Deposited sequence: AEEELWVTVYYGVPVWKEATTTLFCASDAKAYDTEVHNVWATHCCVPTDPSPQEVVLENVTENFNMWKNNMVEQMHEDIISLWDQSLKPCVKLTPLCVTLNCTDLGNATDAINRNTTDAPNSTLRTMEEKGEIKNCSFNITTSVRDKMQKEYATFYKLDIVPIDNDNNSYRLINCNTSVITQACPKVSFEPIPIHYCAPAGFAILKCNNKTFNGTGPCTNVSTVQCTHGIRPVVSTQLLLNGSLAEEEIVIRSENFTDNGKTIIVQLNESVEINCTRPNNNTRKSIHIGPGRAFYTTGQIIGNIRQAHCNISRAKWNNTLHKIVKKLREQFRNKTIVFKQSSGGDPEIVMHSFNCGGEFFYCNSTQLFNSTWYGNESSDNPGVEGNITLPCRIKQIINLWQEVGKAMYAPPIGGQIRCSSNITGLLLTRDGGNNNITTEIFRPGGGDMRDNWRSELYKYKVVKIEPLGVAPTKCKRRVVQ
């Protein structure tokens, strides 16, 4: 009685992974060159899983690829892996004046050059308290970032190619996993800033109704807990030292940039967080944490200890990489804050084997002001929480948690009363 009828344009989709293109509205402006809507789907329930979202894996790969490509046509700091005769400028040893014998652009002409290095960028060689070497230069290649290439995070949008669409969850309190009952279709994500940090999430999006605490499994205690704030906390960071940049020529048009001198006094870099705003934010965080860990004491402690890359608050302020001591923020029991910071010029983001980047110094003074929009916490009748999560993916899941990519399948079949009627 019934016959097969083919319908093209059927409003169905299936989960799929594809390559999304980047559209901006500098490495990011150049890469995300495509210039930059929302259809609400009634009676549509869609399962989301922010920890299985391949948009995060693509974003991670895109950040690493863009940084790696940007540093290829730049100065490789291999002739500087020599003994450094370093003397204190001052604190009292944080910044040293290092003298070394380096062959310049003319072969057979060796010069005695001076450069300024931070304590964290050098390692002792001998027991004479004067001979230092660049950190990890014997096991890795240190590439100087090109001063004309900016890595400043800007808003970018990830957009699906034709034939694919991005589904967005409009439930303001969605926990990152399971069915979402208010789903809409978009072509591009909101503007996401690829901000790099290790403990606090800066310049991200805020929750609109409440602080939302998301975890793959709140009873596992091996998972990162992502806390999305509904109100930001301003963090004002500065490097008060007034530096003047100097250029050391190490090859035929290949120059190493350092600090020629510091004008005025040497002062410690620091970040200022309002005490009242932090205390209220932390109280609200505890109020939400007690919903998952009921009738427990909530204690915030500093991380277990180790290299600043994993136990300090790392961020790029104004081209310099700050490593701030966040202990004053995570030292409390629940039932102005000035954070000292160190500056490190030789860094290894994403823990690559055999590679490192040198950030050249910026003359003058540095000031920046960022919005703290979320936290990464790890859980150790008292619950112990410490700052810090997993790798960089945790800083992007917090933005991509509401999106999934699906493939559109417009072709389908159904029975009806009519036949081909040739």
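Numbered from the first deposited residue, the unresolved ranges run 1-3, 29-37, 49-52, 107-128, 374-385, 431-436, 479-480.
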